[PDB]
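S.K.: For reference, this is coords-v9.cif, and it has mmCIF, N, CA and C atoms.
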data_query
#
loop_
_atom_site.group_PDB
_atom_site.id
_atom_site.type_symbol
_atom_site.label_atom_id
_atom_site.label_comp_id
_atom_site.auth_asym_id
_atom_site.auth_seq_id
_atom_site.Cartn_x
_atom_site.Cartn_y
_atom_site.Cartn_z
ATOM 1 N N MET K 32 18.643 -4.925 17.247
ATOM 2 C CA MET K 32 18.009 -3.606 17.001
ATOM 3 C C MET K 32 16.610 -3.792 16.392
ATOM 4 N N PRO K 33 15.681 -2.857 16.686
ATOM 5 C CA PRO K 33 14.438 -2.852 15.929
ATOM 6 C C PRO K 33 14.641 -2.614 14.415
ATOM 7 N N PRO K 34 13.603 -2.903 13.633
ATOM 8 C CA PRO K 34 13.613 -2.540 12.220
ATOM 9 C C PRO K 34 13.800 -1.033 12.000
ATOM 10 N N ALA K 35 14.327 -0.673 10.809
ATOM 11 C CA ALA K 35 14.523 0.731 10.445
ATOM 12 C C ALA K 35 14.377 0.946 8.938
ATOM 13 N N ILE K 36 14.203 2.216 8.558
ATOM 14 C CA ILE K 36 14.366 2.621 7.157
ATOM 15 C C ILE K 36 15.578 3.542 7.033
ATOM 16 N N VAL K 37 16.316 3.385 5.931
ATOM 17 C CA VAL K 37 17.503 4.201 5.617
ATOM 18 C C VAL K 37 17.249 5.006 4.337
ATOM 19 N N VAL K 38 17.646 6.284 4.323
ATOM 20 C CA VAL K 38 17.552 7.083 3.106
ATOM 21 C C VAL K 38 18.660 6.698 2.113
ATOM 22 N N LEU K 39 18.296 5.989 1.044
ATOM 23 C CA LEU K 39 19.234 5.598 -0.024
ATOM 24 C C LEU K 39 19.442 6.746 -1.019
ATOM 25 N N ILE K 40 18.322 7.397 -1.392
ATOM 26 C CA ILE K 40 18.328 8.536 -2.346
ATOM 27 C C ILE K 40 17.533 9.672 -1.685
ATOM 28 N N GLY K 41 18.157 10.851 -1.573
ATOM 29 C CA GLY K 41 17.459 12.015 -1.046
ATOM 30 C C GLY K 41 18.288 13.285 -1.099
ATOM 31 N N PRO K 42 17.777 14.376 -0.518
ATOM 32 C CA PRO K 42 18.610 15.586 -0.447
ATOM 33 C C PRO K 42 19.876 15.408 0.395
ATOM 34 N N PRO K 43 20.885 16.267 0.180
ATOM 35 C CA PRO K 43 22.141 16.109 0.892
ATOM 36 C C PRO K 43 22.024 16.082 2.387
ATOM 37 N N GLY K 44 21.128 16.849 3.007
ATOM 38 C CA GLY K 44 21.033 16.769 4.473
ATOM 39 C C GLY K 44 20.532 15.458 5.067
ATOM 40 N N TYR K 45 20.016 14.581 4.203
ATOM 41 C CA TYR K 45 19.222 13.437 4.646
ATOM 42 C C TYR K 45 19.761 12.076 4.165
ATOM 43 N N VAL K 46 20.539 12.067 3.078
ATOM 44 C CA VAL K 46 21.042 10.815 2.544
ATOM 45 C C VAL K 46 21.861 10.065 3.615
ATOM 46 N N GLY K 47 21.574 8.777 3.757
ATOM 47 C CA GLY K 47 22.201 7.913 4.780
ATOM 48 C C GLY K 47 21.607 7.925 6.185
ATOM 49 N N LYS K 48 20.696 8.843 6.473
ATOM 50 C CA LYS K 48 20.033 8.869 7.789
ATOM 51 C C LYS K 48 19.128 7.628 7.960
ATOM 52 N N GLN K 49 19.084 7.114 9.195
ATOM 53 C CA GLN K 49 18.284 5.937 9.577
ATOM 54 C C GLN K 49 17.208 6.338 10.596
ATOM 55 N N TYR K 50 16.003 5.792 10.420
ATOM 56 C CA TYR K 50 14.844 6.050 11.288
ATOM 57 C C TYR K 50 14.276 4.728 11.799
ATOM 58 N N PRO K 51 14.303 4.481 13.128
ATOM 59 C CA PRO K 51 13.736 3.233 13.645
ATOM 60 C C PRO K 51 12.209 3.171 13.507
ATOM 61 N N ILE K 52 11.684 2.002 13.119
ATOM 62 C CA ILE K 52 10.232 1.836 12.979
ATOM 63 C C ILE K 52 9.789 0.888 14.114
ATOM 64 N N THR K 53 9.490 1.492 15.254
ATOM 65 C CA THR K 53 9.239 0.725 16.492
ATOM 66 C C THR K 53 7.775 0.509 16.896
ATOM 67 N N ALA K 54 6.860 1.239 16.258
ATOM 68 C CA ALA K 54 5.439 1.236 16.638
ATOM 69 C C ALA K 54 4.588 1.743 15.497
ATOM 70 N N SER K 55 3.297 1.414 15.525
ATOM 71 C CA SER K 55 2.348 2.000 14.589
ATOM 72 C C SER K 55 2.274 3.508 14.736
ATOM 73 N N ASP K 56 1.774 4.146 13.668
ATOM 74 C CA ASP K 56 1.377 5.602 13.692
ATOM 75 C C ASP K 56 2.579 6.525 13.423
ATOM 76 N N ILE K 57 3.704 5.956 12.962
ATOM 77 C CA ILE K 57 4.851 6.729 12.464
ATOM 78 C C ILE K 57 4.565 7.203 11.026
ATOM 79 N N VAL K 58 4.598 8.534 10.805
ATOM 80 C CA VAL K 58 4.254 9.149 9.498
ATOM 81 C C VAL K 58 5.511 9.712 8.818
ATOM 82 N N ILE K 59 5.656 9.424 7.526
ATOM 83 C CA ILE K 59 6.635 10.045 6.605
ATOM 84 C C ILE K 59 5.949 11.275 5.960
ATOM 85 N N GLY K 60 6.584 12.438 6.059
ATOM 86 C CA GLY K 60 6.030 13.621 5.417
ATOM 87 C C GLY K 60 6.907 14.857 5.534
ATOM 88 N N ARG K 61 6.511 15.908 4.799
ATOM 89 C CA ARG K 61 7.225 17.184 4.822
ATOM 90 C C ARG K 61 6.598 18.141 5.838
ATOM 91 N N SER K 62 5.474 17.765 6.457
ATOM 92 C CA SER K 62 5.002 18.499 7.640
ATOM 93 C C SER K 62 5.951 18.270 8.834
ATOM 94 N N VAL K 63 6.252 19.334 9.580
ATOM 95 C CA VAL K 63 7.078 19.203 10.796
ATOM 96 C C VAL K 63 6.479 18.298 11.901
ATOM 97 N N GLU K 64 5.158 18.063 11.892
ATOM 98 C CA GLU K 64 4.501 17.064 12.771
ATOM 99 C C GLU K 64 4.927 15.564 12.461
ATOM 100 N N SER K 65 5.489 15.304 11.279
ATOM 101 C CA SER K 65 5.881 13.935 10.886
ATOM 102 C C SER K 65 7.060 13.401 11.730
ATOM 103 N N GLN K 66 6.986 12.120 12.099
ATOM 104 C CA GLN K 66 8.109 11.484 12.798
ATOM 105 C C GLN K 66 9.310 11.259 11.891
ATOM 106 N N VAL K 67 9.045 10.994 10.607
ATOM 107 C CA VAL K 67 10.100 10.898 9.569
ATOM 108 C C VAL K 67 9.909 12.127 8.657
ATOM 109 N N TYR K 68 10.585 13.210 9.051
ATOM 110 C CA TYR K 68 10.488 14.504 8.363
ATOM 111 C C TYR K 68 11.619 14.639 7.332
ATOM 112 N N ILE K 69 11.298 14.819 6.052
ATOM 113 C CA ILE K 69 12.300 15.091 4.996
ATOM 114 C C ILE K 69 11.857 16.369 4.267
ATOM 115 N N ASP K 70 12.737 17.371 4.193
ATOM 116 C CA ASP K 70 12.451 18.604 3.454
ATOM 117 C C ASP K 70 12.765 18.439 1.966
ATOM 118 N N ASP K 71 11.799 17.870 1.245
ATOM 119 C CA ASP K 71 11.886 17.660 -0.220
ATOM 120 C C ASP K 71 10.484 18.003 -0.758
ATOM 121 N N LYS K 72 10.426 18.938 -1.698
ATOM 122 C CA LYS K 72 9.125 19.446 -2.213
ATOM 123 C C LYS K 72 8.262 18.374 -2.921
ATOM 124 N N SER K 73 8.875 17.280 -3.382
ATOM 125 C CA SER K 73 8.137 16.195 -4.029
ATOM 126 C C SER K 73 7.478 15.218 -3.026
ATOM 127 N N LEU K 74 7.856 15.314 -1.750
ATOM 128 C CA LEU K 74 7.257 14.497 -0.665
ATOM 129 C C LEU K 74 5.982 15.218 -0.159
ATOM 130 N N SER K 75 4.895 14.492 -0.037
ATOM 131 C CA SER K 75 3.634 15.094 0.450
ATOM 132 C C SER K 75 3.746 15.494 1.934
ATOM 133 N N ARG K 76 2.960 16.518 2.324
ATOM 134 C CA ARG K 76 2.930 16.964 3.711
ATOM 135 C C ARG K 76 2.625 15.804 4.700
ATOM 136 N N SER K 77 1.660 14.955 4.345
ATOM 137 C CA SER K 77 1.481 13.619 4.989
ATOM 138 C C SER K 77 1.472 12.583 3.847
ATOM 139 N N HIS K 78 2.559 11.805 3.751
ATOM 140 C CA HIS K 78 2.808 10.975 2.534
ATOM 141 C C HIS K 78 2.383 9.500 2.723
ATOM 142 N N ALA K 79 2.919 8.882 3.775
ATOM 143 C CA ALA K 79 2.700 7.452 4.065
ATOM 144 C C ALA K 79 2.857 7.242 5.570
ATOM 145 N N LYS K 80 2.376 6.100 6.081
ATOM 146 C CA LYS K 80 2.564 5.790 7.519
ATOM 147 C C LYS K 80 2.773 4.302 7.714
ATOM 148 N N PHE K 81 3.189 3.926 8.933
ATOM 149 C CA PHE K 81 3.469 2.501 9.250
ATOM 150 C C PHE K 81 2.438 1.920 10.234
ATOM 151 N N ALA K 82 2.224 0.591 10.071
ATOM 152 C CA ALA K 82 1.531 -0.233 11.075
ATOM 153 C C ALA K 82 2.522 -1.339 11.497
ATOM 154 N N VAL K 83 2.607 -1.558 12.823
ATOM 155 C CA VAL K 83 3.508 -2.570 13.388
ATOM 156 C C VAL K 83 2.719 -3.524 14.278
ATOM 157 N N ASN K 84 2.910 -4.840 14.062
ATOM 158 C CA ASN K 84 2.284 -5.891 14.914
ATOM 159 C C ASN K 84 3.304 -7.015 15.075
ATOM 160 N N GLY K 85 4.040 -6.983 16.188
ATOM 161 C CA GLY K 85 5.145 -7.946 16.406
ATOM 162 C C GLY K 85 6.220 -7.830 15.329
ATOM 163 N N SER K 86 6.498 -8.912 14.592
ATOM 164 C CA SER K 86 7.470 -8.886 13.522
ATOM 165 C C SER K 86 6.964 -8.339 12.199
ATOM 166 N N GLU K 87 5.663 -8.055 12.091
ATOM 167 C CA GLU K 87 5.090 -7.515 10.831
ATOM 168 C C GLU K 87 5.114 -5.974 10.818
ATOM 169 N N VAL K 88 5.767 -5.409 9.795
ATOM 170 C CA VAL K 88 5.756 -3.928 9.543
ATOM 171 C C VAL K 88 5.183 -3.723 8.141
ATOM 172 N N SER K 89 4.147 -2.894 8.058
ATOM 173 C CA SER K 89 3.494 -2.534 6.758
ATOM 174 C C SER K 89 3.507 -1.013 6.552
ATOM 175 N N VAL K 90 3.594 -0.619 5.268
ATOM 176 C CA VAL K 90 3.461 0.802 4.868
ATOM 177 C C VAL K 90 2.091 1.003 4.198
ATOM 178 N N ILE K 91 1.491 2.166 4.497
ATOM 179 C CA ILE K 91 0.142 2.585 4.061
ATOM 180 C C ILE K 91 0.276 3.955 3.311
ATOM 181 N N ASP K 92 -0.215 4.030 2.053
ATOM 182 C CA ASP K 92 -0.221 5.316 1.332
ATOM 183 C C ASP K 92 -1.353 6.223 1.842
ATOM 184 N N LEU K 93 -1.065 7.523 2.050
ATOM 185 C CA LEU K 93 -2.057 8.481 2.569
ATOM 186 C C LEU K 93 -2.627 9.428 1.492
ATOM 187 N N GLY K 94 -2.746 8.960 0.272
ATOM 188 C CA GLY K 94 -3.249 9.834 -0.803
ATOM 189 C C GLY K 94 -2.203 10.779 -1.358
ATOM 190 N N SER K 95 -0.956 10.351 -1.366
ATOM 191 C CA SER K 95 0.168 11.183 -1.811
ATOM 192 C C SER K 95 0.116 11.598 -3.281
ATOM 193 N N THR K 96 0.615 12.801 -3.561
ATOM 194 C CA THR K 96 0.646 13.336 -4.937
ATOM 195 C C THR K 96 1.493 12.453 -5.884
ATOM 196 N N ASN K 97 2.716 12.112 -5.424
ATOM 197 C CA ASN K 97 3.663 11.362 -6.254
ATOM 198 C C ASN K 97 3.718 9.855 -5.990
ATOM 199 N N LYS K 98 2.787 9.364 -5.147
ATOM 200 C CA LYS K 98 2.566 7.923 -4.896
ATOM 201 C C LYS K 98 3.565 7.327 -3.916
ATOM 202 N N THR K 99 3.199 6.169 -3.371
ATOM 203 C CA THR K 99 4.132 5.292 -2.618
ATOM 204 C C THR K 99 4.323 4.030 -3.451
ATOM 205 N N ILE K 100 5.582 3.718 -3.778
ATOM 206 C CA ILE K 100 5.925 2.582 -4.649
ATOM 207 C C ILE K 100 6.895 1.643 -3.921
ATOM 208 N N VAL K 101 6.523 0.353 -3.802
ATOM 209 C CA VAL K 101 7.384 -0.650 -3.146
ATOM 210 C C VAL K 101 7.886 -1.646 -4.212
ATOM 211 N N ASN K 102 9.219 -1.675 -4.434
ATOM 212 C CA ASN K 102 9.824 -2.564 -5.465
ATOM 213 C C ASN K 102 9.095 -2.509 -6.829
ATOM 214 N N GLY K 103 8.797 -1.295 -7.253
ATOM 215 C CA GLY K 103 8.167 -1.101 -8.584
ATOM 216 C C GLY K 103 6.636 -1.227 -8.671
ATOM 217 N N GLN K 104 5.967 -1.579 -7.556
ATOM 218 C CA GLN K 104 4.507 -1.652 -7.469
ATOM 219 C C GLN K 104 3.933 -0.434 -6.712
ATOM 220 N N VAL K 105 3.002 0.262 -7.341
ATOM 221 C CA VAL K 105 2.259 1.349 -6.683
ATOM 222 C C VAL K 105 1.315 0.775 -5.608
ATOM 223 N N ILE K 106 1.300 1.414 -4.441
ATOM 224 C CA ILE K 106 0.358 1.133 -3.327
ATOM 225 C C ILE K 106 -0.708 2.244 -3.385
ATOM 226 N N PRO K 107 -1.911 1.952 -3.874
ATOM 227 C CA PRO K 107 -2.897 3.045 -4.043
ATOM 228 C C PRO K 107 -3.357 3.649 -2.713
ATOM 229 N N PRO K 108 -4.041 4.796 -2.757
ATOM 230 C CA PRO K 108 -4.419 5.441 -1.491
ATOM 231 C C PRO K 108 -5.200 4.533 -0.542
ATOM 232 N N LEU K 109 -4.740 4.523 0.720
ATOM 233 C CA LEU K 109 -5.288 3.760 1.828
ATOM 234 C C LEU K 109 -5.093 2.230 1.724
ATOM 235 N N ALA K 110 -4.389 1.764 0.691
ATOM 236 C CA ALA K 110 -3.934 0.374 0.589
ATOM 237 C C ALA K 110 -2.579 0.265 1.325
ATOM 238 N N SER K 111 -2.116 -0.968 1.513
ATOM 239 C CA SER K 111 -0.911 -1.256 2.271
ATOM 240 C C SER K 111 -0.064 -2.360 1.636
ATOM 241 N N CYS K 112 1.174 -2.438 2.120
ATOM 242 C CA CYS K 112 2.170 -3.460 1.714
ATOM 243 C C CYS K 112 2.935 -3.943 2.945
ATOM 244 N N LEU K 113 2.908 -5.264 3.168
ATOM 245 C CA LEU K 113 3.754 -5.916 4.187
ATOM 246 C C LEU K 113 5.212 -5.943 3.678
ATOM 247 N N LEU K 114 6.125 -5.376 4.480
ATOM 248 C CA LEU K 114 7.539 -5.221 4.082
ATOM 249 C C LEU K 114 8.417 -6.425 4.476
ATOM 250 N N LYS K 115 9.493 -6.611 3.726
ATOM 251 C CA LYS K 115 10.544 -7.561 4.064
ATOM 252 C C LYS K 115 11.911 -6.953 3.846
ATOM 253 N N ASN K 116 12.924 -7.575 4.436
ATOM 254 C CA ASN K 116 14.281 -7.044 4.439
ATOM 255 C C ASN K 116 14.736 -6.694 3.018
ATOM 256 N N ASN K 117 15.332 -5.502 2.884
ATOM 257 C CA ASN K 117 15.893 -4.961 1.630
ATOM 258 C C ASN K 117 14.856 -4.400 0.639
ATOM 259 N N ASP K 118 13.567 -4.390 0.996
ATOM 260 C CA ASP K 118 12.581 -3.746 0.106
ATOM 261 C C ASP K 118 12.919 -2.235 -0.038
ATOM 262 N N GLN K 119 12.651 -1.695 -1.236
ATOM 263 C CA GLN K 119 12.789 -0.232 -1.484
ATOM 264 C C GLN K 119 11.392 0.424 -1.559
ATOM 265 N N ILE K 120 11.288 1.582 -0.942
ATOM 266 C CA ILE K 120 10.052 2.362 -0.834
ATOM 267 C C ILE K 120 10.359 3.748 -1.449
ATOM 268 N N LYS K 121 9.750 4.033 -2.604
ATOM 269 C CA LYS K 121 9.917 5.330 -3.313
ATOM 270 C C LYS K 121 8.717 6.256 -3.064
ATOM 271 N N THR K 122 9.017 7.429 -2.484
ATOM 272 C CA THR K 122 8.034 8.425 -2.093
ATOM 273 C C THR K 122 8.476 9.764 -2.778
ATOM 274 N N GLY K 123 7.936 10.045 -3.958
ATOM 275 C CA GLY K 123 8.490 11.163 -4.744
ATOM 276 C C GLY K 123 9.920 10.914 -5.186
ATOM 277 N N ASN K 124 10.790 11.933 -4.998
ATOM 278 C CA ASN K 124 12.218 11.795 -5.351
ATOM 279 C C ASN K 124 13.087 11.259 -4.174
ATOM 280 N N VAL K 125 12.448 10.753 -3.113
ATOM 281 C CA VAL K 125 13.153 10.101 -1.982
ATOM 282 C C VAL K 125 12.950 8.582 -2.083
ATOM 283 N N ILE K 126 14.012 7.795 -1.877
ATOM 284 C CA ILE K 126 13.917 6.327 -1.846
ATOM 285 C C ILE K 126 14.551 5.843 -0.527
ATOM 286 N N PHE K 127 13.748 5.056 0.212
ATOM 287 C CA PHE K 127 14.145 4.392 1.451
ATOM 288 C C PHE K 127 14.417 2.902 1.209
ATOM 289 N N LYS K 128 15.321 2.333 2.012
ATOM 290 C CA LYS K 128 15.534 0.875 2.087
ATOM 291 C C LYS K 128 15.064 0.415 3.469
ATOM 292 N N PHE K 129 14.237 -0.641 3.495
ATOM 293 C CA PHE K 129 13.799 -1.254 4.771
ATOM 294 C C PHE K 129 14.751 -2.332 5.268
ATOM 295 N N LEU K 130 15.162 -2.213 6.529
ATOM 296 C CA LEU K 130 16.090 -3.167 7.182
ATOM 297 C C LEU K 130 15.369 -3.866 8.328
ATOM 298 N N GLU K 131 15.270 -5.188 8.272
ATOM 299 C CA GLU K 131 14.660 -5.959 9.384
ATOM 300 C C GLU K 131 15.406 -5.753 10.740
ATOM 301 N N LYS K 132 16.736 -5.560 10.710
ATOM 302 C CA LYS K 132 17.516 -5.014 11.867
ATOM 303 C C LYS K 132 18.319 -3.759 11.426
ATOM 304 N N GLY K 133 18.063 -2.624 12.038
ATOM 305 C CA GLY K 133 18.834 -1.413 11.770
ATOM 306 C C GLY K 133 20.245 -1.432 12.320
ATOM 307 N N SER K 134 21.138 -0.682 11.669
ATOM 308 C CA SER K 134 22.550 -0.542 12.094
ATOM 309 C C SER K 134 22.651 0.469 13.233
#
Represent the supplied structure as structure tokens.

M.R.:
Amino acid sequence: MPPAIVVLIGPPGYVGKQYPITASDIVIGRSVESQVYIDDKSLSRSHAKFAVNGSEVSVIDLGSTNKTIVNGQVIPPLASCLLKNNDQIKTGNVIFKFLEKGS
């Protein structure tokens, strides 16, 4: 399977949902235009996005109100983080787990 993110912590409609990360330009946000749409008021309308190049998947912060945090480190606006298996990504009151192979 391609890589994915899983909702570890979130609202009841969303906890445990998995989203495949197959290509660049996938956006996490509360705007309905987002590919990873979560209805949580603490998530920015456009919060973060992914870049994919072969086996490398990175997350990019888009100037979010409540920040993008990977394993306890803040990713400042327009900066990025190369992900690895089991990393946690906190976006407001939502926390995702990154899986190098999705279930």

S.K.: Which residues, named as in the file, does the PyMOL selection byres ((chain K and resi 120) around 6) pick out? Answer as a VMD selection string.

M.R.: chain K and resid 100 to 102 118 to 119 121 to 122 125 to 129

S.K.: Report the distance between atom N of residue 83 (chain K) and atom C of residue 132 (chain K) in Å, rounded to one decimal place.

M.R.: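 Atom C of residue 132 (chain K) lies at a distance of 15.9 Å from atom N of residue 83 (chain K).
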
S.K.: For the file shown, report as a list in words the outcome of the PyMOL selection byres ((chain K and resi 92) around 8) at residue level.

M.R.: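 Applied to this file, the PyMOL selection byres ((chain K and resi 92) around 8) selects residues 77, 78, 79, 80, 81, 89, 90, 91, 93, 94, 95, 98, 99, 100, 106, 107, 108, 109, 110, 111 and 112 of chain K.
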
S.K.: Assuming the chain letters and numbering stay as they are in my file, what does the PyMOL selection byres (((chain K and resi 69 and name CA) around 8) and name CA) actually select? List them as a ChimeraX atom specification.

M.R.: /K:45,59-61,67-68,70-71,74

S.K.: Among chain K, which residues does DSSP mark as strand (DSSP E) when it is run on the backbone? Keep the chain and numbering as in the structure and answer as an MDAnalysis selection string.

M.R.: chainID K and resid 35:40 49:51 58:60 67:68 79:84 87:92 99:101 104:106 111:113 119:122 125:130

S.K.: Measure the distance from atom C of residue 38 (chain K) to CA of residue 53 (chain K) in Å and round it to one decimal.

M.R.: 18.2 Å

S.K.: Need to verify the contact set: residue 115 (chain K), 7 Å, only N, CA and C atoms, exclusion of same-chain residues closer than 5 positions in sequence. Can you return it as a VMD selection string?

M.R.: chain K and resid 88 129 to 131

S.K.: Let me know the centre plus edge lengths, in Å and rounded to one decimal, of a box with edges along x, y and z that contains all listed atoms of region 48-56 of chain K and is padded by 4 Å on every side, as lines of an AutoDock Vina configuration file.

M.R.:
center_x = 11.0
center_y = 4.7
center_z = 11.7
size_x = 27.3
size_y = 16.4
size_z = 18.4

S.K.: Please report the interatomic distance between CA of residue 87 (chain K) and CA of residue 54 (chain K) in Å with one decimal.

M.R.: 10.5 Å

S.K.: Within 7 Å of (13.8, 3.3, 9.8) in the file's own coordinates, which protein, DNA or RNA residues have an atom, counting only C-alpha atoms? List them as a list in words.

M.R.: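 The residues near that point, listed by chain and number, are residues 34, 35, 36, 37, 49, 50, 51, 52 and 129 of chain K.
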
S.K.: Could you check which of K:133, K:96, K:123, K:76 is closest to residue 58 (chain K), using all atoms listed in the file?

M.R.: K:76
